[PDB]
Amino acid sequence: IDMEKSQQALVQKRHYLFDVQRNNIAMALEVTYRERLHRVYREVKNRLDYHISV
Amino acid sequence: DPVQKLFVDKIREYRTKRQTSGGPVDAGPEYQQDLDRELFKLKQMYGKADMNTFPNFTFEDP
């Protein structure tokens with residue numbers, strides 16, 4: 001009885017794997033966004049620096 | 001101050017250099033050769049992108 005009751009009480013919370021996946025994919029999207037913004041900034045700064053330094 | 005003849009002499013050669021700078025006077029081939037050398041070095045160090053407008057990225061989603 002105890003084995004079965006604890007098994008049920010435990011498998012109740014199997015949702016953490018999906019919650020992980022959720023926040024992990026959110027993190028992936030955020031890092032992509034950050035890289036996009038930094039890449040555009042770096043390119044514009046590179047061209048400006050080229051002009052200024054020449 | 002109107003006495004330091006070398007002072008006013010340098011200022012005068014300055015003024016002449018100012019007026020005559022239509023093109024780099026007494027440049028000689030070294031002028032162009034250098035200019036090219038460090039322009040190419042700077043271009044190489046910086047990049048080869050479309051050195052005029054903003055090149056586009058067109059990223060890729062995850």
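**Q** How should the overall build of chain A be read in this particular structure?
**A** A count of helices and strands for chain A gives two helices and zero strands. Expressed as a percentage of its 54 residues, the buried residues of chain A come to 6%. For chain A, the accessible surface area stands at approximately 5100 Å², while carbon and sulfur atoms represent 60% of it. Across chain A, the mean location of the 10 positive side-chain charges is 5 Å away from that of the 7 negative side-chain charges.

**Q** Even after reading the chapter, I still don't get the side chain of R47 of chain A, so can you show me in this structure?
**A** Within the element layout of this structure, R47 of chain A appears in helix α2 (residues 16-53). The buried charged residue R47 of chain A lacks any salt bridge partner; its closest oppositely charged side chain belongs to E43 of chain A, at an N-O distance of 5.5 Å. A polar side-chain atom of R47 of chain A sits 3.0 Å from a polar atom in the side chain of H51 of chain A. If near-sequence neighbours (up to four positions away) are discounted, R47 of chain A is found in contact with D50, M51 and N52 of chain B.

**Q** Mind showing me how you'd approach the interface of chain A and chain B here?
**A** The parts lose accessible area when they come together, and the size of an interface is often stated as this lost area. Across the boundary between the two partners, chain A contributes 12 residues, which contact 15 residues of chain B. Note on chain A versus chain B: buried area summed over both sides is about 1400 Å², and carbon and sulfur give 69% of it. Of all residues in chain A, the largest losses of buried area upon contact with chain B belong to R36, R47 and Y50 of chain A, amounting jointly to 44% of the total for that side. Linking chain A with chain B are one salt bridge. With a shortest N-O distance of 2.6 Å, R36 of chain A and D61 of chain B are connected by a salt bridge.

So, how was this worked out
Residues numbered from 1 in each chain as written, not as in the entry; some residues may be left out. Chains lettered and ligands numbered in written order. Part of a larger assembly, values for the part shown. Heavy atoms only, no water. Helix = DSSP H or I, 4+ residues; strand = E, 2+ residues; numbered from the N terminus. Buried < 20%, exposed > 50% of the residue type's maximum accessible area, 1.4 Å probe, protein only. Areas by Shrake-Rupley, 256 points an atom, 1.4 Å probe, with all protein chains shown as cover. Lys, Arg positive; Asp, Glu negative; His and termini not counted. Charge placed at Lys NZ, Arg CZ, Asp CG, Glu CD. Salt bridge = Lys/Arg side-chain N within 4 Å of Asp/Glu carboxyl O. Polar contact = N/O pair within 3.5 Å; in protein donor to acceptor, adjacent residues only side chain to side chain. Contact = heavy atoms within 4.5 Å. Buried area = accessible area lost by both parts, 1.4 Å probe.

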